[PDB]
Amino acid sequence: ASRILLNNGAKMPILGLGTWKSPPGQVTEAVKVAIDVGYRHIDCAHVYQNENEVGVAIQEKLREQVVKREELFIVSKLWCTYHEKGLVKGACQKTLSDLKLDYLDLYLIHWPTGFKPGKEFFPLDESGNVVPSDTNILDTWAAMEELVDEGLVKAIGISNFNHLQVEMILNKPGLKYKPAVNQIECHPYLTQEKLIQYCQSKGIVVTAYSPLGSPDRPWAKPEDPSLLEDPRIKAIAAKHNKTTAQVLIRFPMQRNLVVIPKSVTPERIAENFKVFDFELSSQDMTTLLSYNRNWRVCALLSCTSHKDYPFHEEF
Ligand SMILES: NC(=O)c1ccc[n+]([C@@H]2O[C@H](COP(=O)([O-])OP(=O)(O)OC[C@H]3O[C@@H](n4cnc5c(N)ncnc54)[C@H](OP(=O)(O)O)[C@@H]3O)[C@@H](O)[C@H]2O)c1
Ligand SMILES: O=C(O)COc1cc(Cl)ccc1C(=O)NCc1cccc([N+](=O)[O-])c1
């Protein structure tokens, strides 16, 4: 199937286009190309500073009648400086206006860590620690629920929540809507088995981010492993007559995950979508899982003393 059923009763395309790092001068064409070659899910965020340009492409393909709005699944995320109850609707509405949408299919709490509101996305103290917000994830969640009840978003969810944090929301007193999605880092070097089964056992769909290991991440170092260049993965790809990226994308698909590879390269946007006509064997799957090294693209030293920092816990 190309879509997975969420606990809100809506269907979500299991392949989407990521947009973090997509330059504002190239992401309009990248999203236009993606829609033209079949993509119906775009992963966005205010903090990525390119929603206006992504929105230009969405609007143009709607206008061109390449796609209908109902056929699209647009996702964005509440940035950390907007966890306060009074700031959530505005933050959502700014994203909607930029994306030139009247609703989002899914809106996520981007990180469990709330930061001091202001112009700065990472407000810092003199020693470089991030300045927290005294807002907690359950009050932020109640504000997310209000967005559903106002018709601005069809589904709400979370991202980078560890299993204790997911658990806290599922056990929130008065919980009105369960999280539909937990969007987390996942690839053969960070296979996430425990957190994934926990979420799936609760009816929470997991989206895998950085599925290719985010080779363009701005903090990359030489010592770092490289999925795309791992000869063991290259060999599985060769066997299947596919590219390494195609294998890295099909892998989470077969674990019942949604996956959101990013590219601004038209040829790779198309390649990355051509993953619905081959199957990895159980053995291939277990082999790729065996490459786990608990290696994370996404974690910040500036946040490690925040009370809600998600990655001290095992999972
Ligand atoms: N929730 C959050 O905290 C969070 C965090 C990180 C990421 N995400 C989302 O997840 C998306 C995907 O993660 P990501 O951007 O970190 O990295 P990614 O998708 O793992 O990797 C993107 C890198 O791979 C390259 N690439 C793409 N397709 C390729 C192919 N077929 N062959 C060779 N190289 C290829 C891209 O190059 P070109 O673009 O130059 O083609 C780019 O440098 C993000 O864009 C964002 O939407 C969410
Ligand atoms: O977060 C993403 O979607 C991708 O990563 C980005 C993207 C942009 Cl535009 C800016 C900054 C980041 C980034 O440093 N994310 C890591 C991060 C953030 C917050 C808290 C944490 N944390 O660990 O508590 C980690």
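Please read every residue number as a count from 1 along the shown chain.
Going by what the header records, the deposited coordinates were determined by X-ray crystallography, 1.5 Å.
Cβ atoms here come from the backbone N, Cα and C positions, even for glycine.
Swiss-Prot records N6-acetyllysine for one of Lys94, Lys119, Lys176, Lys239, namely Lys94. When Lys68, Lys89, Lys202, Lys262 are looked up in Swiss-Prot, the one carrying the note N6-acetyllysine is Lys262; the rest have no such note there, which does not rule it out for them. For the pair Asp230 (NADP(+) binding site) and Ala1 (N-acetylalanine), the Cα-Cα distance reads 29 Å. The 6 Å Cβ screen around ligand 2 retains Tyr48 from the recorded positions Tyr48, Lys94, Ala220, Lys221, ordered by sequence position. Straight-line distance linking the Cα atoms of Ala1 (N-acetylalanine) and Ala270 (NADP(+) binding site), rounded to a whole number, equals 19 Å. For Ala270 (NADP(+) binding site), the nearest neighbour among the listed recorded positions (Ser2, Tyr48, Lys94), judged by C-alpha distance, is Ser2.
Residues from the recorded positions list (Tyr48, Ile260, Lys262) with a C-beta closer than 6 Å to any atom of ligand 1: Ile260, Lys262. For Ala220 (NADP(+) binding site), other Cβ atoms within 10 Å of its Cβ number 13. Here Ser210 (NADP(+) binding site) is compared against the recorded positions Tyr48, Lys77, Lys94, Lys221, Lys262, and the shortest C-alpha distance is to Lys262.
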